[PDB]
Protein chains: 2
Amino acid sequence: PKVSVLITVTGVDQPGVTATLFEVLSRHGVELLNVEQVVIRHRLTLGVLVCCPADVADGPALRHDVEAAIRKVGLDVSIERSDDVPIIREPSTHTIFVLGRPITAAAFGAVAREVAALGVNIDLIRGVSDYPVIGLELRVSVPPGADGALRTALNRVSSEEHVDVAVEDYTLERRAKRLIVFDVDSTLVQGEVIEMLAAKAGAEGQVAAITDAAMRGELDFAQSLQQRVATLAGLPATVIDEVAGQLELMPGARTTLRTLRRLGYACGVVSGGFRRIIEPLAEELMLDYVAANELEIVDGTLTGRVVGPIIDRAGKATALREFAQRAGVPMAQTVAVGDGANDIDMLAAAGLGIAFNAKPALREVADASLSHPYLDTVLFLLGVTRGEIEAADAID
Amino acid sequence: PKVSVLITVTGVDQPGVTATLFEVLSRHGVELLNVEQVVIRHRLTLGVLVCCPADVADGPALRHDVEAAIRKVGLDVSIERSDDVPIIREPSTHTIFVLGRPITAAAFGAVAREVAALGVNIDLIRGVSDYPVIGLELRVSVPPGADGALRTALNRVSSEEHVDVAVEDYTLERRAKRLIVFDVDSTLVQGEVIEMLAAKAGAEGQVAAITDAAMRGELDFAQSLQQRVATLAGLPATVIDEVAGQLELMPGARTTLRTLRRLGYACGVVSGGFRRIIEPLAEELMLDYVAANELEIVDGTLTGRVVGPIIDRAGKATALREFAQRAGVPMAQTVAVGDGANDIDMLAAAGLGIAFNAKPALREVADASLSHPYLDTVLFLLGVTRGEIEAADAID
Ligand SMILES: [Mg+2]
Ligand SMILES: [Mg+2]
């Protein structure tokens with residue numbers, strides 16, 4: 001097994017090329033060291049590294065046979081002895097997802113600039129969706145220490161150019177994610193249950209004020225929730241059923257969970273809302289775990305307080321950890337998706353922390369930020385493509 | 001968002017191309033529909049589908065700008081309006097793994113012939129290992145109903161050309177495999193414990209006869225095991241410790257399990273050997289589950305019989321199923337790796353049934369057959385590459 005020899009075929013794709021090339025190579029004394037091939041928009045590139053004897057390699061026989069056979073039918077072929085060339089490419093270090101509606105060329109351009117500026121090469125680019133959102137994957141190779149810089153760079157690009165840009169490690173380990181938890185209110189579920197409840201009271205205004213203030217940061221969650229729930233004092237606890245079946249799942253939420261089931265994920269929710277309303281829905285969606293606060297009921301009437309302990313911001317993290325343990329999933333292989341500053345400790349604690357249509361407070365400490373009203377775009381940050389979802393769904 | 005326009009750049013890779021192309025496209029009115037890119041052996045192919053107005057598209061402005069910018073620095077670019085072209089490629093239907101030592105060009109050729117004969121196209125080829133075994137992945141698109149035929153075709157190729165050839169579904173679901181069970185004897189572990197025990201008795205000959213006969217098919221496993229274990233009557237049960245720490249893990253077994261842990265697999269063994277010898281080792285390798293037969297000991301002496309129930313061929317399947325349930329993994333998302341006709345019901349029952357250096361009896365009903373004395377090659381049939389293993393291992 002003397003010298004290495006590199007055959008590279010390019011040109012417009014045609015049937016039988018791969019087979020024609022290897023049938024030819026078999027007439028000489030050839031063993032395969034590596035093979036790479038792809039067709040992009042009817043452009044073939046076929047890259048073969050072979051290990052033949054010094055006899056066969058430095059002999060005009062092999063060269064003229066391959067050159068005759070490729071050129072005879074359309075394509076081009078180069079042939080060069082190396083003995084200095086890598087056999088099998090090292091893996092990408094990271095992967096970057098770009099989601100937009102639309103993704104302007106200008107947006108994509110800004111991404112590549114920052115990538116190139118920071119010494120990163122692009123190993124591959126592919127699409128991972130067309131609808132509801134255009135999704136593009138770049139698998140990249142990042143110099144050590146550029147990692148902190150590159151996210152910084154791309155996060156400016158994100159806000160400027162109006163696309164979602166996420167950077168994830170492209171490792172074996174941190175790719176086998178297997179536990180995900182969703183916030184409920186304005187994540188898995190359209191809107192805020194507590195405003196829907198406060199509306200029954202006639203207090204949607206007082207509450208939606210404090211509500212859009214606590215999940216933005218201005219108010220402590222505990223003292224906010226007590227002042228918010230208080231407004232419900234007097235309501236008949238049948239209000240909980242009314243608002244429960246008044247709820248609308250976020251766009252794509254069913255698709256999101258179904259696909260997560262297909263991939264064998266443990267799924268659960270961690271909320272500061274109310275078990276009574278949530279558990280009804282978590283049965284429907286076959287959830288593995290629920291953590292919520294609880295409304296104190298006295299003679300079929302809410303008293304405007306809750307039954308401790310309070311799932312506060314620290315509570316959400318603690319609940320993710322407890323869920324991780326019972327299911328036997330390391331923390332780094334866990335995912336959290338939430339929208340408010342409520343969700344800061346949870347997202348930080350999780351392996352991959354995703355902010356969904358989230359207040360600036362969360363979108364500034366989250367691993368990844370989505371900004372379209374489609375929860376299924378969570379799947380693209382987890383390595384899934386639309387075409388895959390679409391395929392799997394069609395076999396029922 | 002009028003007509004679609006397809007830009008395709010090819011040529012020898014150079015820094016800044018991706019960015020140069022999109023910076024240019026931003027000066028016109030362009031939104032990205034799809035992007036595909038790869039560099040194989042310094043050959044760039046960049047494939048962009050854009051969605052610009054009828055104004056921009058049918059205007060010589062865009063064409064001359066892109067054409068000037070690409071050609072100015074080395075590469076070629078075509079540009080054609082389509083409005084009839086697919087946006088985002090459908091996924092591969094299956095994936096084929098070719099493992100050899102070596103993989104001759106002739107071997108690879110035979111694979112591509114059968115592929116082409118049966119109407120299948122190759123979407124991608126990449127390497128997934130160089131050592132210990134050359135590994136090559138072909139992601140293919142298979143016409144419906146060709147599936148049964150294609151495995152048939154490639155299985156002849158396998159035996160003729162001296163490579164391992166496996167065909168797996170390339171679906172979302174049947175790719176998220178998460179539970180694997182190994183046979184112990186001549187799978188996870190070098191050799192046969194019961195011959196190592198029978199040797200202590202002075203009965204290696206009588207036993208290795210019947211042993212290499214039952215895991216080939218000629219003898220019923222129960223009546224074989226009773227006649228085999230019988231030969232141990234009289235031995236002091238301290239023999240079990242002696243043979244336990246006389247065992248050698250199959251080449252790569254530690255790497256196999258470690259990687260499986262990284263990927264968050266439940267791992268276990270299902271044996272017709274002896275809990276007393278096996279459990280010692282299963283603690284070491286942090287196994288989630290053990291199923292084995294058990295040696296009847298009377299006053300520190302083996303009696304040559306076992307304590308029922310007997311893990312027979314049907315037992316192994318039943319044990320996999322029980323393991324699947326306790327861990328909450330559907331059967332189709334389970335993996336079994338074994339070597340004897342002992343392992344037929346288990347491998348059939350499993351989602352993916354892998355025969356490892358296995359008797360013809362198993363290698364004729366197993367989903368996939370390996371034939372090299374390296375158990376880590378199990379990982380390549382599970383979508384892992386050497387470079388990935390090598391990367392993950394190096395971060396400790
Ligand atoms: Mg929230
Ligand atoms: Mg066996």
# chains A, B, ... in the order shown; residues from 1 in each chain; ligands from 1
$ residues_around --residues "residue 115 in chain A" --least-positions-apart "3" --cutoff "9 Å" --atoms "only C-alpha atoms" --output "list in words"
residues 110, 111, 112, 118, 119, 120, 121, 122, 140, 142, 150, 153 and 154 of chain A
$ write_last_selection --atoms "N, CA and C atoms" --output "compact mmCIF listing (two decimals), in the first residue's frame"
# COMPACT_ATOMS: atom_id res chain seq x y z
N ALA A 110 -23.96 39.60 6.15
CA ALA A 110 -23.48 40.00 7.47
C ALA A 110 -23.02 38.80 8.29
N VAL A 111 -23.73 37.68 8.19
CA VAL A 111 -23.32 36.49 8.94
C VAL A 111 -21.95 35.99 8.48
N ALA A 112 -21.77 35.93 7.16
CA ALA A 112 -20.54 35.36 6.60
C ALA A 112 -19.33 36.26 6.86
N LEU A 118 -13.64 36.54 11.97
CA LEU A 118 -13.20 35.89 13.20
C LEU A 118 -12.43 34.59 12.97
N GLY A 119 -12.07 34.31 11.72
CA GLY A 119 -11.17 33.21 11.39
C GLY A 119 -11.84 31.85 11.24
N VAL A 120 -13.15 31.85 11.06
CA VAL A 120 -13.97 30.66 11.04
C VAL A 120 -14.21 30.16 9.63
N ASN A 121 -13.97 28.89 9.31
CA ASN A 121 -14.45 28.54 7.94
C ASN A 121 -15.73 27.79 7.95
N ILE A 122 -16.45 27.96 6.86
CA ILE A 122 -17.69 27.26 6.60
C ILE A 122 -17.42 25.94 5.89
N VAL A 140 -19.56 25.07 10.75
CA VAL A 140 -18.38 25.92 10.69
C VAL A 140 -17.24 25.36 11.52
N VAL A 142 -14.47 26.76 14.11
CA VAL A 142 -14.17 27.97 14.88
C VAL A 142 -12.87 27.83 15.65
N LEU A 150 -17.50 35.16 18.47
CA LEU A 150 -18.38 34.86 17.34
C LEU A 150 -19.85 35.01 17.70
N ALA A 153 -20.52 38.71 17.85
CA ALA A 153 -20.61 39.24 16.50
C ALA A 153 -21.96 38.95 15.83
N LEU A 154 -22.38 37.69 15.90
CA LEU A 154 -23.61 37.25 15.24
C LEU A 154 -24.86 37.79 15.93
$ calpha_fit_and_write --fixed "chain B" --moving "chain A" --output "compact mmCIF listing (two decimals) with C-alpha atoms, in the first residue's frame"
# COMPACT_ATOMS: atom_id res chain seq x y z
CA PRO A 1 -41.51 38.36 -4.60
CA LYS A 2 -41.81 37.60 -8.28
CA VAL A 3 -39.72 34.96 -10.05
CA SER A 4 -37.11 32.63 -8.58
CA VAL A 5 -33.49 32.89 -9.69
CA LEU A 6 -30.78 30.25 -9.29
CA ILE A 7 -27.11 31.22 -8.81
CA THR A 8 -24.57 28.41 -8.91
CA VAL A 9 -20.89 29.06 -8.23
CA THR A 10 -18.23 26.35 -8.78
CA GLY A 11 -14.44 26.25 -8.84
CA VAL A 12 -11.37 25.97 -6.59
CA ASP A 13 -12.24 27.15 -3.05
CA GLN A 14 -11.02 30.58 -1.94
CA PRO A 15 -11.64 32.70 1.15
CA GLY A 16 -14.46 35.21 1.04
CA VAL A 17 -16.46 33.69 -1.81
CA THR A 18 -19.63 33.07 0.19
CA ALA A 19 -19.42 36.60 1.58
CA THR A 20 -18.45 38.21 -1.72
CA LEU A 21 -21.45 36.58 -3.43
CA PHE A 22 -24.00 37.68 -0.81
CA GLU A 23 -22.61 41.23 -0.41
CA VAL A 24 -23.14 41.53 -4.19
CA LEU A 25 -26.67 40.07 -4.05
CA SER A 26 -27.59 42.62 -1.35
CA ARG A 27 -27.16 45.52 -3.74
CA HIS A 28 -30.10 44.11 -5.71
CA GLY A 29 -33.51 43.26 -4.22
CA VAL A 30 -32.81 39.74 -3.06
CA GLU A 31 -34.33 37.36 -0.45
CA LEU A 32 -32.81 33.87 0.04
CA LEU A 33 -34.99 30.82 -0.71
CA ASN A 34 -32.27 28.17 -0.23
CA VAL A 35 -28.49 27.86 0.10
CA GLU A 36 -26.26 24.82 -0.31
CA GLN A 37 -22.50 24.72 -0.03
CA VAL A 38 -19.62 22.30 0.47
CA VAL A 39 -15.93 22.04 -0.24
CA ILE A 40 -14.68 18.62 -1.31
CA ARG A 41 -10.93 18.41 -1.81
CA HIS A 42 -10.70 22.17 -2.41
CA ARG A 43 -13.61 22.15 -4.85
CA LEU A 44 -16.27 24.68 -4.02
CA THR A 45 -19.88 24.34 -4.98
CA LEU A 46 -22.19 27.08 -3.82
CA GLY A 47 -25.83 26.83 -4.77
CA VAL A 48 -28.16 29.71 -4.13
CA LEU A 49 -31.87 30.03 -4.92
CA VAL A 50 -33.07 33.60 -4.56
CA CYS A 51 -36.43 35.32 -4.74
CA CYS A 52 -36.12 38.73 -6.38
CA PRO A 53 -38.64 40.86 -8.31
CA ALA A 54 -39.30 40.44 -12.04
CA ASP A 55 -37.51 43.77 -12.27
CA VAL A 56 -34.24 42.60 -10.70
CA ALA A 57 -34.29 39.07 -12.20
CA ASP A 58 -34.88 39.85 -15.89
CA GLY A 59 -32.52 42.80 -15.54
CA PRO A 60 -28.93 42.57 -16.82
CA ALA A 61 -27.82 44.42 -13.68
CA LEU A 62 -27.88 41.42 -11.34
CA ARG A 63 -26.41 39.06 -13.92
CA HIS A 64 -23.43 41.27 -14.77
CA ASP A 65 -22.73 42.09 -11.12
CA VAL A 66 -22.59 38.42 -9.99
CA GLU A 67 -20.77 37.33 -13.19
CA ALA A 68 -18.21 40.11 -12.80
CA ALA A 69 -17.62 39.42 -9.11
CA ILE A 70 -17.15 35.65 -9.33
CA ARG A 71 -15.07 35.56 -12.50
CA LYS A 72 -12.93 38.45 -11.27
CA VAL A 73 -11.28 36.12 -8.77
CA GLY A 74 -11.13 32.55 -10.07
CA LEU A 75 -14.46 30.79 -10.07
CA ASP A 76 -17.35 30.09 -12.44
CA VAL A 77 -20.95 31.12 -12.07
CA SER A 78 -24.14 30.17 -13.87
CA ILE A 79 -27.44 32.09 -13.46
CA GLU A 80 -30.86 30.89 -14.61
CA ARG A 81 -34.41 31.90 -13.81
CA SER A 82 -36.43 28.81 -12.99
CA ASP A 83 -39.86 29.12 -11.39
CA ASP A 84 -39.96 25.33 -11.86
CA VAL A 85 -37.15 24.27 -9.52
CA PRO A 86 -37.42 22.64 -6.07
CA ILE A 87 -36.65 24.92 -3.11
CA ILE A 88 -35.42 22.45 -0.53
CA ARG A 89 -34.37 18.86 -1.19
CA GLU A 90 -36.42 15.95 0.16
CA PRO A 91 -34.56 13.82 2.69
CA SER A 92 -32.76 10.64 1.77
CA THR A 93 -34.94 7.56 2.26
CA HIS A 94 -32.12 5.27 3.46
CA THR A 95 -28.45 5.27 4.36
CA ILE A 96 -25.89 2.57 3.54
CA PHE A 97 -22.72 1.86 5.44
CA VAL A 98 -19.78 0.16 3.87
CA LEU A 99 -17.08 -1.12 6.15
CA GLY A 100 -14.04 -2.97 4.86
CA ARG A 101 -10.41 -3.77 5.54
CA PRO A 102 -9.75 -3.03 2.91
CA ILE A 103 -12.54 -1.59 0.80
CA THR A 104 -11.37 -2.35 -2.72
CA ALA A 105 -12.56 -0.14 -5.56
CA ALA A 106 -14.13 -3.32 -6.91
CA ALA A 107 -16.10 -3.66 -3.69
CA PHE A 108 -17.30 -0.08 -3.82
CA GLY A 109 -18.13 -0.52 -7.48
CA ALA A 110 -20.35 -3.53 -6.85
CA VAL A 111 -22.29 -1.47 -4.30
CA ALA A 112 -22.95 1.39 -6.74
CA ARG A 113 -23.99 -1.00 -9.52
CA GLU A 114 -26.66 -2.63 -7.40
CA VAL A 115 -27.73 0.81 -6.23
CA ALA A 116 -28.02 2.08 -9.80
CA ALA A 117 -29.55 -1.15 -11.07
CA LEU A 118 -32.40 -0.85 -8.59
CA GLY A 119 -33.26 2.77 -9.41
CA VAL A 120 -31.68 4.33 -6.33
CA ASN A 121 -29.78 7.61 -6.43
CA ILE A 122 -26.92 8.58 -4.24
CA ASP A 123 -27.58 11.94 -2.54
CA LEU A 124 -24.33 12.07 -0.54
CA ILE A 125 -21.19 10.04 0.19
CA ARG A 126 -18.89 10.69 3.12
CA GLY A 127 -16.30 8.84 5.15
CA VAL A 128 -17.15 7.87 8.72
CA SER A 129 -13.85 6.24 9.63
CA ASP A 130 -10.29 5.48 8.57
CA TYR A 131 -9.18 3.29 11.52
CA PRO A 132 -9.64 0.55 12.60
CA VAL A 133 -11.80 -0.01 9.53
CA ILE A 134 -12.50 2.14 6.49
CA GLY A 135 -16.06 3.41 6.77
CA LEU A 136 -18.12 5.00 4.03
CA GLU A 137 -21.62 6.35 4.18
CA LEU A 138 -23.92 6.64 1.21
CA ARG A 139 -27.20 8.45 1.79
CA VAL A 140 -29.49 7.27 -0.98
CA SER A 141 -33.00 7.71 -2.34
CA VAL A 142 -34.76 4.36 -2.80
CA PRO A 143 -37.91 3.80 -4.85
CA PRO A 144 -40.73 2.28 -2.74
CA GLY A 145 -40.69 -1.51 -2.96
CA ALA A 146 -37.07 -1.58 -4.05
CA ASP A 147 -36.22 -1.74 -0.37
CA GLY A 148 -36.47 -5.54 -0.05
CA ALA A 149 -34.60 -5.95 -3.34
CA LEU A 150 -31.79 -3.53 -2.47
CA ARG A 151 -30.84 -5.28 0.76
CA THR A 152 -30.86 -8.59 -1.10
CA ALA A 153 -28.60 -7.13 -3.79
CA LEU A 154 -26.13 -5.58 -1.34
CA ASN A 155 -25.99 -8.68 0.85
CA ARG A 156 -24.63 -10.69 -2.09
CA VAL A 157 -22.13 -7.87 -2.65
CA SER A 158 -21.10 -8.06 0.97
CA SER A 159 -20.10 -11.71 0.87
CA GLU A 160 -18.47 -11.57 -2.57
CA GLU A 161 -16.41 -8.42 -2.14
CA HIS A 162 -15.45 -8.83 1.55
CA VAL A 163 -16.98 -5.67 2.95
CA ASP A 164 -19.74 -5.11 5.50
CA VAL A 165 -22.78 -3.49 3.83
CA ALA A 166 -25.72 -2.21 5.93
CA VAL A 167 -28.94 -0.51 4.86
CA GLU A 168 -30.86 1.57 7.42
CA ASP A 169 -33.93 3.78 7.17
CA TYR A 170 -32.99 7.45 7.14
CA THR A 171 -36.02 8.67 8.99
CA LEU A 172 -36.36 10.98 11.96
CA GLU A 173 -37.77 8.26 14.16
CA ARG A 174 -35.76 5.14 13.37
CA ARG A 175 -32.61 7.31 13.68
CA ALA A 176 -33.12 8.37 17.32
CA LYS A 177 -32.07 4.95 18.63
CA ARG A 178 -31.67 5.04 22.42
CA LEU A 179 -31.48 1.58 23.94
CA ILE A 180 -28.89 -1.04 23.12
CA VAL A 181 -28.27 -4.54 24.52
CA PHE A 182 -25.21 -6.71 23.95
CA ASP A 183 -24.88 -10.44 24.13
CA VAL A 184 -21.92 -11.19 26.40
CA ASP A 185 -20.14 -14.25 25.06
CA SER A 186 -18.17 -13.56 21.87
CA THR A 187 -19.90 -10.20 21.58
CA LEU A 188 -19.03 -7.80 24.42
CA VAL A 189 -16.53 -10.29 25.79
CA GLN A 190 -13.69 -12.23 24.18
CA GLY A 191 -14.66 -15.88 24.02
CA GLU A 192 -17.01 -18.13 25.95
CA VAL A 193 -17.23 -18.04 29.74
CA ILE A 194 -18.57 -21.60 29.87
CA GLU A 195 -15.46 -22.94 28.06
CA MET A 196 -13.31 -20.93 30.49
CA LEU A 197 -15.24 -22.58 33.30
CA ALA A 198 -15.17 -26.02 31.72
CA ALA A 199 -11.41 -25.63 31.42
CA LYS A 200 -11.13 -25.38 35.20
CA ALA A 201 -12.92 -28.75 35.33
CA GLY A 202 -10.63 -30.25 32.73
CA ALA A 203 -13.52 -30.35 30.29
CA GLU A 204 -12.77 -27.63 27.75
CA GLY A 205 -12.93 -30.17 24.93
CA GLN A 206 -16.30 -31.80 25.62
CA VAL A 207 -17.87 -28.37 26.11
CA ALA A 208 -16.34 -26.28 23.29
CA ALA A 209 -17.68 -29.03 21.04
CA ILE A 210 -21.31 -28.69 22.14
CA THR A 211 -20.86 -24.90 22.60
CA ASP A 212 -19.79 -24.05 19.04
CA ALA A 213 -22.70 -26.30 17.98
CA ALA A 214 -25.57 -24.68 19.91
CA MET A 215 -24.69 -21.10 18.93
CA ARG A 216 -24.59 -22.36 15.35
CA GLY A 217 -27.97 -24.13 15.53
CA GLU A 218 -27.56 -27.92 15.76
CA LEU A 219 -28.56 -28.15 19.45
CA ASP A 220 -31.46 -26.74 21.50
CA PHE A 221 -30.09 -24.08 23.83
CA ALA A 222 -31.75 -25.39 26.98
CA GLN A 223 -30.66 -29.02 26.64
CA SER A 224 -27.28 -27.81 25.46
CA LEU A 225 -26.78 -25.57 28.47
CA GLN A 226 -27.83 -28.26 30.92
CA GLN A 227 -25.43 -30.75 29.38
CA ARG A 228 -22.77 -28.03 29.25
CA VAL A 229 -23.15 -26.67 32.79
CA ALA A 230 -23.37 -30.30 34.11
CA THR A 231 -19.67 -30.71 33.31
CA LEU A 232 -18.91 -28.21 36.06
CA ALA A 233 -20.30 -30.37 38.87
CA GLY A 234 -17.82 -30.58 41.73
CA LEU A 235 -15.98 -27.33 41.03
CA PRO A 236 -15.56 -24.92 43.96
CA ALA A 237 -17.68 -21.84 43.27
CA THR A 238 -14.54 -19.72 43.68
CA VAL A 239 -13.90 -20.72 40.07
CA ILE A 240 -16.38 -17.98 39.14
CA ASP A 241 -14.15 -15.24 40.52
CA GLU A 242 -11.11 -16.75 38.79
CA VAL A 243 -12.72 -16.78 35.34
CA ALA A 244 -14.42 -13.40 35.85
CA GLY A 245 -11.06 -11.64 36.20
CA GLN A 246 -9.69 -13.75 33.36
CA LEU A 247 -12.03 -12.11 30.84
CA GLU A 248 -10.97 -9.75 28.06
CA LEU A 249 -13.37 -7.15 26.68
CA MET A 250 -13.80 -7.31 22.90
CA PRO A 251 -11.55 -4.81 21.00
CA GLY A 252 -13.21 -1.41 21.27
CA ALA A 253 -15.85 -2.46 23.80
CA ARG A 254 -14.94 0.33 26.25
CA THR A 255 -14.96 2.95 23.45
CA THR A 256 -18.29 1.55 22.27
CA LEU A 257 -19.94 1.91 25.66
CA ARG A 258 -18.38 5.26 26.51
CA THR A 259 -19.67 6.74 23.23
CA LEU A 260 -23.08 5.20 23.81
CA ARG A 261 -23.09 6.87 27.22
CA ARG A 262 -22.19 10.23 25.61
CA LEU A 263 -25.15 9.80 23.27
CA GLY A 264 -27.39 9.05 26.28
CA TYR A 265 -28.16 5.39 25.62
CA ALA A 266 -29.55 2.89 28.07
CA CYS A 267 -27.07 -0.02 27.91
CA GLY A 268 -27.51 -3.60 29.09
CA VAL A 269 -26.57 -7.24 28.45
CA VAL A 270 -28.78 -10.26 27.79
CA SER A 271 -26.91 -13.52 28.22
CA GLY A 272 -27.26 -17.27 28.54
CA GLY A 273 -24.17 -17.17 30.72
CA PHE A 274 -23.87 -16.57 34.42
CA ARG A 275 -24.92 -13.56 36.50
CA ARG A 276 -22.19 -14.26 39.01
CA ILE A 277 -19.44 -13.74 36.40
CA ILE A 278 -21.27 -11.02 34.44
CA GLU A 279 -22.50 -8.67 37.17
CA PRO A 280 -18.91 -8.03 38.32
CA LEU A 281 -18.18 -6.67 34.81
CA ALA A 282 -21.50 -4.84 34.37
CA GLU A 283 -20.73 -2.77 37.47
CA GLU A 284 -17.40 -1.76 35.95
CA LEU A 285 -19.04 -0.73 32.66
CA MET A 286 -21.93 1.05 34.39
CA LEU A 287 -24.63 -1.08 32.75
CA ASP A 288 -28.30 -0.27 33.20
CA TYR A 289 -29.57 -3.84 32.96
CA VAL A 290 -28.41 -7.46 33.25
CA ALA A 291 -30.23 -10.68 32.37
CA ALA A 292 -28.47 -13.98 32.75
CA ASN A 293 -28.89 -17.54 33.82
CA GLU A 294 -27.72 -18.60 37.25
CA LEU A 295 -25.46 -21.40 38.51
CA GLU A 296 -26.81 -23.51 41.35
CA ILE A 297 -24.31 -23.54 44.23
CA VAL A 298 -24.51 -26.05 47.10
CA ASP A 299 -22.11 -25.60 50.05
CA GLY A 300 -19.67 -23.54 47.95
CA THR A 301 -19.71 -26.11 45.16
CA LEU A 302 -21.42 -26.03 41.81
CA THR A 303 -23.92 -28.82 41.27
CA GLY A 304 -23.77 -28.70 37.48
CA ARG A 305 -27.28 -27.43 37.09
CA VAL A 306 -28.77 -23.97 36.85
CA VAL A 307 -31.54 -22.10 38.70
CA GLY A 308 -34.47 -21.44 36.40
CA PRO A 309 -35.87 -19.77 34.51
CA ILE A 310 -33.52 -20.36 31.62
CA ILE A 311 -32.66 -17.43 29.40
CA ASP A 312 -33.16 -19.35 26.18
CA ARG A 313 -33.48 -17.85 22.68
CA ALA A 314 -37.03 -16.73 23.43
CA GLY A 315 -35.77 -15.51 26.81
CA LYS A 316 -33.39 -13.01 25.22
CA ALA A 317 -36.21 -11.33 23.30
CA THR A 318 -38.35 -11.22 26.41
CA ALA A 319 -35.49 -9.67 28.37
CA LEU A 320 -34.97 -6.96 25.72
CA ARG A 321 -38.67 -6.14 25.85
CA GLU A 322 -38.72 -5.96 29.64
CA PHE A 323 -35.63 -3.70 29.49
CA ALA A 324 -37.26 -1.56 26.82
CA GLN A 325 -40.36 -1.08 29.01
CA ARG A 326 -38.64 -0.23 32.31
CA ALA A 327 -36.57 2.37 30.43
CA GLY A 328 -39.53 3.66 28.39
CA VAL A 329 -38.09 3.05 24.94
CA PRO A 330 -40.27 1.78 22.10
CA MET A 331 -39.08 -1.47 20.53
CA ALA A 332 -38.29 0.12 17.18
CA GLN A 333 -35.92 2.56 18.92
CA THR A 334 -33.94 -0.37 20.46
CA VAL A 335 -30.71 -2.07 19.37
CA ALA A 336 -29.41 -5.62 19.94
CA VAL A 337 -25.90 -6.89 19.19
CA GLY A 338 -25.22 -10.65 19.35
CA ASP A 339 -23.27 -13.44 17.63
CA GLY A 340 -25.11 -16.78 17.86
CA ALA A 341 -28.39 -18.42 16.80
CA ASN A 342 -28.93 -17.99 20.47
CA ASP A 343 -29.51 -14.35 19.55
CA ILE A 344 -32.09 -14.80 16.77
CA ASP A 345 -35.28 -13.85 18.63
CA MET A 346 -33.58 -10.89 20.35
CA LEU A 347 -32.17 -9.42 17.10
CA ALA A 348 -35.42 -9.93 15.22
CA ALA A 349 -37.38 -8.26 18.05
CA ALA A 350 -35.05 -5.24 18.31
CA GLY A 351 -35.45 -2.05 16.27
CA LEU A 352 -32.04 -2.62 14.74
CA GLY A 353 -30.61 -6.13 15.02
CA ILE A 354 -26.85 -6.37 14.58
CA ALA A 355 -24.90 -9.62 14.12
CA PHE A 356 -21.30 -9.29 15.37
CA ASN A 357 -18.75 -11.72 13.86
CA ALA A 358 -21.67 -14.06 13.82
CA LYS A 359 -22.55 -17.57 12.75
CA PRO A 360 -24.36 -17.83 9.36
CA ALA A 361 -27.60 -18.54 11.26
CA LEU A 362 -27.69 -15.04 12.75
CA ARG A 363 -26.05 -13.27 9.78
CA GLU A 364 -29.06 -14.39 7.69
CA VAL A 365 -31.85 -12.69 9.65
CA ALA A 366 -29.97 -9.77 11.22
CA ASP A 367 -30.59 -6.23 9.97
CA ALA A 368 -26.83 -5.68 9.74
CA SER A 369 -23.68 -7.75 9.82
CA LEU A 370 -20.23 -6.72 10.98
CA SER A 371 -17.24 -8.93 10.33
CA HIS A 372 -14.24 -7.25 11.89
CA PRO A 373 -12.93 -7.94 15.39
CA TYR A 374 -13.72 -4.37 16.45
CA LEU A 375 -16.87 -3.82 18.49
CA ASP A 376 -16.62 0.02 18.12
CA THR A 377 -17.72 -0.43 14.48
CA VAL A 378 -21.16 -0.81 16.05
CA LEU A 379 -20.99 2.97 16.51
CA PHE A 380 -20.62 3.66 12.76
CA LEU A 381 -23.92 1.81 12.11
CA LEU A 382 -25.39 4.28 14.62
CA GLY A 383 -24.45 7.45 12.73
CA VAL A 384 -21.25 8.23 14.58
CA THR A 385 -17.95 9.00 12.90
CA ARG A 386 -14.43 8.27 14.08
CA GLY A 387 -13.60 11.95 14.10
CA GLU A 388 -16.54 12.61 16.39
CA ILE A 389 -15.56 9.85 18.81
CA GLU A 390 -12.01 11.17 18.66
CA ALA A 391 -13.15 14.73 19.32
CA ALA A 392 -15.46 13.85 22.22
CA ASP A 393 -12.83 11.62 23.85
CA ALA A 394 -10.25 14.44 23.86
CA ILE A 395 -12.36 16.81 25.99
CA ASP A 396 -12.44 14.07 28.63
$ select_by_dssp --residues "range 235-360 of chain B" --states "helix (DSSP H, G or I)" --output "PyMOL selection string"
chain B and resi 239-244+253-262+275-284+313-327+331-333+341-349
$ select_by_dssp --residues "range 212-383 of chain B" --states "strand (DSSP E or B)" --output "VMD selection string"
chain B and resid 236 249 266 to 274 289 to 293 295 to 297 301 to 306 334 to 338 352 to 356 368 to 370
